[PDB]
Each structure stands twice: as structure tokens, then as C-alpha cells.
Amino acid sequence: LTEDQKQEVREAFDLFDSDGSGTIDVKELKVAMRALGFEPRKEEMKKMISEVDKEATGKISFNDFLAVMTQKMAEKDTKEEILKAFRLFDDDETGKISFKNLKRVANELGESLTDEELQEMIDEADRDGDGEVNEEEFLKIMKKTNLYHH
């Protein structure tokens, strides 16, 4: 759930609803997201259209619009918190988390993890195989990990 921001979501809906019909188009959806500071991803969009409207109407209600905007503003906060955590591990700021980086912070927070258990963490996140974890890869394991923690 969003808080005071749904008043801003309402303002963006009414403005790009030319008719005042209480419904917007697929073409009107993407500009209203752009107005609220969100660049709609093309791959992300096709799943969104199907999720808010199954029938061949092409209409999007305010409640549909509040639903997509809530997850987008939630994703933005989730991403920013993940990247805040990413900078904690990559303290030498090379752009990648090494085994030495992960071990150092594990000892600093007093985590009861051995060298083998820490290295397994690197290898599962390491999708490309260079032995270190970059920004793209760290975002992948973190959304997986969010499933376990709430």
C-alpha cells in the first residue's frame, strides 16, 4: 500500500483521461507512468496489461492504475535498499563483490559462516563465472532472498 502518493496517482490519472470517462488506454498508461517518473519496460509491460485486463477492451480503470503504480514505487524502494546493501559489501568499490569482500563484512557483523559457506554464496550469485558478484547479479539473488524474509 502507498500512503500520501495515491493523491498524486489520482492527479496523473485525471490529467491523461481526456474524456473524463474514468478509463485510460494502453497508450495513455505509458505516458501517465512517465509523468510519475517511471520508464515503463517493454517486457514488464506485456505482463502488466494482461494482469489488469483479461478481456479485449483495452481499458484501464483507476484501481488498475493504482495497482501497477504501487508495485512500481515498491520496486523502486526495494532496488534502492538492495543497492544500499550492495555498497556495504563492495567497500573497496570495484563494482563487484569478491569472496574477500563478503568474508570481511561477515567477520565484522559476527556471522557464523565458514569460508566454504561464503564461497557457495558467491558461486550461486555469480551467473557469468568471473568469481565475483556484480550489480545485476546481486539484484537477482536479493529478490530470491526476499521471499524467505517476509
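One-based numbering along the sequence shown.
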Higher avg CA temperature factor (77 to 85 vs 111 to 119, as deposited) belongs to 111 to 119
With B-factors read from the PDB entry, the higher C-alpha mean of 138 to 146 and 15 to 23 is in 15 to 23
Comparing C-alpha B-factors across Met45, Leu102, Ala125, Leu66 in this entry, the winner is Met45
Assert third(CA B-factor, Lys96) within chain per record equals lowest
